[PDB]
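One letter stands for each residue in the lines below.
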There are 2 protein chains.
Amino acid sequence: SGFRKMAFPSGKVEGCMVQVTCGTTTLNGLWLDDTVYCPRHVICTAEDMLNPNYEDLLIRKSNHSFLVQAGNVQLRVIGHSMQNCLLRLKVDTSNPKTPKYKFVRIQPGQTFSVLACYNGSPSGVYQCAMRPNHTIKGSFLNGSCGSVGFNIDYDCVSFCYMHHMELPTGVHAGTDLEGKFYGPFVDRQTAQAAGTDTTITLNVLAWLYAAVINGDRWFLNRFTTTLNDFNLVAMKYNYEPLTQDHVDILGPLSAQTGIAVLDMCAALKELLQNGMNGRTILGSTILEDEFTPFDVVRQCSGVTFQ
Amino acid sequence: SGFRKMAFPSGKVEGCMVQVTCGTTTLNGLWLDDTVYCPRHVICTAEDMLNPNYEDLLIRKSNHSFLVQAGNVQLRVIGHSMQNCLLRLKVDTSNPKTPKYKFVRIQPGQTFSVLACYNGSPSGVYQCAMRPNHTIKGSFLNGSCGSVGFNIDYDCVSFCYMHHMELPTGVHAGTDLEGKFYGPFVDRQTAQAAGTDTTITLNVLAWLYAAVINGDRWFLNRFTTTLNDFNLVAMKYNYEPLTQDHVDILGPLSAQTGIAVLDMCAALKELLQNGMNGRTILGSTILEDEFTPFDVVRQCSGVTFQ
Ligand SMILES: *[C@](O)(C(=O)NC1CC1)[C@H](C[C@@H]1CC=NC1=O)NC(=O)[C@H](CC1CCCCC1)n1cccc(NC(=O)OC(C)(C)C)c1=O
Ligand SMILES: *[C@](O)(C(=O)NC1CC1)[C@H](C[C@@H]1CC=NC1=O)NC(=O)[C@H](CC1CCCCC1)n1cccc(NC(=O)OC(C)(C)C)c1=O
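Residues numbered from 1 in each chain as written, not as in the entry; some residues may be left out. Chains lettered and ligands numbered in written order. Heavy atoms only, no water.

What the deposited record gives as its method is X-ray crystallography, and the resolution it gives is 1.900 Å.

Here it is in structure tokens:
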């Protein structure tokens, strides 16, 4: 038992991290097969960043304007292309530590592991969620650009995030591994801000199931609710509306615990209306929304503490 | 910016994890050079566990009563010895992925990364603290025995924890890599329980410094306090007494933020007496005690958001 924000083991990803330099700018890139991926703003200086024209900044570079380092070893770049907001650098060596991998675009509310890196050197790993407002509440300092987010399924690494920038509120924005931003953000220094966020309702419910699997039932009640009565309360508390799809996703957990989804919703509505009264759930005094239903089944016992 | 419970990248440790079987019991072990370390209770069956005599249970095993698997590859055991609550299995192959490493016994209040493993396969990584009561609030299911805790300094892995058991409250107990238990616990099924825990005062203070480095000052005040006046309040709130040594450790953070330690103590005393009033610090509504002063300097900017 116990319940912790757990990250995926980071080994398969550590073996892919490199340093990419272009003039004065050093950041991290990702080395799979004979390609190195990195944020395209590695070609920018400070002043370039107010209003960069990337096509224009890139045409005046060569293969040799990019220095790639895997630990000690310099890698020779022999090709370059822009893909959306990344650069693809073709390199003379295939990464021998290339894991089985895929590139996925994760959906808001989904979770992944971030390997925070500086100068191609991994410094730390943590789990976080794609917020409904398409940001992440990361921990990132200068030099962290190029750090990746990923999930692991069996032996297959699903890369889903590359870090690009911090927004004014201190939250983080970036791209999938095709270089498309998550959210409405662009890779220029402008007046852009995180949209208003909302609580991930499906995750809070998954975590209440986690708390019951772990043998805690204090916050349950004898009431039920309609979806629509739940959603009127959800809106007032800045929670995402629950849908039948989200009710269907909570099925397995519902069955494992024998608590119907709409009963757990009655419990949540009561938790939202009456607070927790200095009480805790799985050690927390707030309602946690950065665990998916999949994260709960992954980490929890397949047999309830009844 | 941002602040997250960050773990060390787990790669160096993943490459050391193996499966150890003895009759019916399978758990994890750690393969450095030509030794495999694992909990000694791997030689026990269910009934053995009420009152095992390990010396007696071990003398009736041979080298070949132990099956060691590194992925596919079976390793041949050619030696065995008990060291306190571990077994050392000498093995015919030196682990080629052996990192530079050390074995340390960490002190209560210190933090480390756990690589949760099942059947020698790493499943997840998370950060936690050695509690003053010598337990950890881990996340561990059946099969997790042998999972290790570690810190990384440059390229050197400091192993400090091996998992052995869950106590009645759902918290976890285990040994250093010499097989000495942390706390008063023994590797038998008896009526043993976690002692009463206390909040790690030094860590809470380090985390308030983190919140100020990150540009939040709301909870500060114009008061100061004596150590002794602080400690009278600490005792009533089940916080550890603060000492001059702990004041000295907070020096660097004190200087980086220009807030004197006893002023931050006045802030904490006020936070303890008056609660937070639905306010947050680095996103939390409770006072966090699982970051050391070292963890804060590691993760935070070396320049304050003034
Ligand atoms: C990234 O480029 C990087 O690390 N590059 C290596 C040379 C160092 C950084 C990483 C940021 C910085 C702090 N945490 C991070 O996440 N990215 C940037 O600095 C941003 C550069 C981008 C260039 C093109 C895309 C848009 C910007 N960048 C630039 C300017 C301002 C911010 N954020 C910011 O001003 O900080 C706070 C919220 C306002 C105080 C930014 O990320
Ligand atoms: C460990 O031996 C293991 O995983 N072995 C592989 C064959 C599976 C487990 C891991 C525990 C179980 C659940 N989470 C974990 O941390 N360790 C044990 O099961 C304990 C065996 C020890 C044998 C010698 C040392 C003392 C016990 N063990 C045995 C009995 C009871 C508990 N805990 C317990 O009863 O659970 C809760 C708190 C009471 C509900 C225990 O860990």
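Now that the structure has been shown, the text picks up again.
What's the story with the state of the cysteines in this structure? I'm lost.
Two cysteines whose sulfur atoms are joined by a covalent bond form what is called a disulfide. Under the criterion given, the structure shown has 0 disulfides over all chains. A:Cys160 supplies the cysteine sulfur nearest to A:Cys128, a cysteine that is in no disulfide, at a spacing of 8.3 Å. (Disulfide = S-S within 2.5 Å.)

Where do I start with the pairing of strand β9 (residues 111-118) of chain A in this structure?
All names here are of chain A. Within β9, 7 of the 8 residues are buried, which leaves the element mostly enclosed by the surrounding structure. Bridge analysis of β9 against strand β10 (residues 121-129) gives 8 bridges, and the strand direction is antiparallel. Paired with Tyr-118 across the two strands is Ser-121, which belongs to β10. Examined bridge by bridge, β9 and strand β11 (residues 148-153) share 3 bridges and lie antiparallel to one another. From the neighbouring strand, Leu-115 faces β11, where its bridge partner is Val-148. (Buried < 20%, exposed > 50% of the residue type's maximum accessible area, 1.4 Å probe, protein only. Helix = DSSP H or I, 4+ residues; strand = E, 2+ residues; numbered from the N terminus. Pairing = 2+ DSSP bridges.)

Can you help me understand the relation of the copies chain B and chain A in this one?
Mapping one chain copy onto the other needs a rotation about an axis and a shift along that axis. Between chain B and chain A, the superposition needs a rotation of 180° and an axial shift of 0.0 Å, giving an RMSD of 0.0 Å. Here the symmetry operator amounts to a two-fold rotation axis. When C-alpha distances to the rotation axis are compared across chain B, the minimum falls at B:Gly11, with a value of 1.8 Å. A shared binding surface is used by both copies, with 100% of the interface residues of chain B retained as interface residues in chain A. (Least-squares fit on C-alpha atoms. Contact = heavy atoms within 4.5 Å.)

What is the right way to look at the sheet that holds strand β1 (residues 17-22) of chain A in this model?
Paired through backbone hydrogen bonds, the strands of a sheet run either parallel or antiparallel to each other. All names here are of chain A. Read from one edge of the open sheet, 7 strands run β5-β4-β1-β2-β3-β7-β6, paired in antiparallel fashion. In the strand order of this sheet, the two ends are held by β5 (73-75) and β6 (77-83), each with one partner. Strand-to-strand twist of the sheet, defined as the mean angle between neighbouring strand axes without regard to direction, takes the value 30°. Inspection of the sheet shows strand β2 (residues 25-32) paired to strand β3 (residues 35-39) by 3 bridges, in the antiparallel sense. Residue pairing across strands places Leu-30 opposite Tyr-37, the latter belonging to β3. (Axes fitted to C-alpha atoms, helices over the stretch in contact; angles between N-to-C directions.)

What exactly am I supposed to notice about the site of ligand 2 here?
Residues and elements named next belong to chain B. Near ligand 2 there are 20 residues, and of these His-41, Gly-143, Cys-145, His-163 and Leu-167 occur at the shortest range. Within the backbone of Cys-145, a nitrogen or oxygen atom sits 3.2 Å from an oxygen atom of ligand 2. Starting from 840 Å² of accessible surface for ligand 2 in isolation, the protein chains cover 73%. Residues belonging to the shell around ligand 2 are distributed by class as follows: 8 nonpolar, 9 polar and 3 charged. Each of two domains, domain 1 (1-14 + 100-197) and domain 2 (15-99), supplies a minimum of three residues to the shell around ligand 2. (Near = heavy atom within 4 Å. Polar contact = N/O pair within 3.5 Å; in protein donor to acceptor, adjacent residues only side chain to side chain. Areas by Shrake-Rupley, 256 points an atom, 1.4 Å probe, with all protein chains shown as cover. Nonpolar A, V, L, I, M, F, W, Y, C, P; charged D, E, K, R; others polar. Domains from an automatic or database assignment.)

Just checking my understanding: could you explain the site of ligand 1 for this structure?
Residues and elements named next belong to chain A. Around ligand 1 there are 20 residues in total, and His-41, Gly-143, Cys-145, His-163 and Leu-167 lie nearest to it. One nitrogen or oxygen atom from the main chain of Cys-145 is found 3.2 Å from an oxygen atom belonging to ligand 1. One of the backbone nitrogen or oxygen atoms of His-164 is found 3.2 Å away from a nitrogen atom of ligand 1. When ligand 1 sits alone it has 840 Å² of accessible area, and the protein chains cover 74% of it. Ranked by the residues each element gives to the shell around ligand 1, the list is headed by strand β12 (residues 156-166), at 4 residues. For the shell around ligand 1, the class distribution of residues is 8 nonpolar, 9 polar and 3 charged.

Even after reading the chapter, I still don't get helix α4 (residues 227-236) of chain B, so can you show me in this structure?
One full turn of an α-helix is made of 3.6 residues, so residues set three or four places apart face in the same direction. All names here are of chain B. Of the residues making up α4, those classed as buried are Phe-230, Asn-231, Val-233 and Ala-234. Burial along α4 is one-sided: seen end-on, the buried residues are contained in an arc of 165°. Facing away from the buried side of α4 by more than 90 degrees, the exposed set consists of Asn-228, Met-235 and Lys-236. Positive phi shows up at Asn-238, right after α4, with a value of about 65°. (Arc of directions from axis to C-beta.)

Please explain the interface of chain B and chain A as it appears in this structure.
Often, the extent of an interface is quoted as the loss of accessible area on bringing the components together. Taken together, the contacts link 35 residues of chain B with 35 residues of chain A. Interface of chain B and chain A: buried area, both sides summed, is about 2400 Å²; carbon and sulfur atoms make up 48% of it. It is B:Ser1, B:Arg4 and B:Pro9 that lose the most area in chain B upon contact with chain A, and together they represent 29% of the buried surface on that side. At the boundary of chain B with chain A, the tally comes to 2 salt bridges. (Buried area = accessible area lost by both parts, 1.4 Å probe. Salt bridge = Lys/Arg side-chain N within 4 Å of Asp/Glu carboxyl O.)

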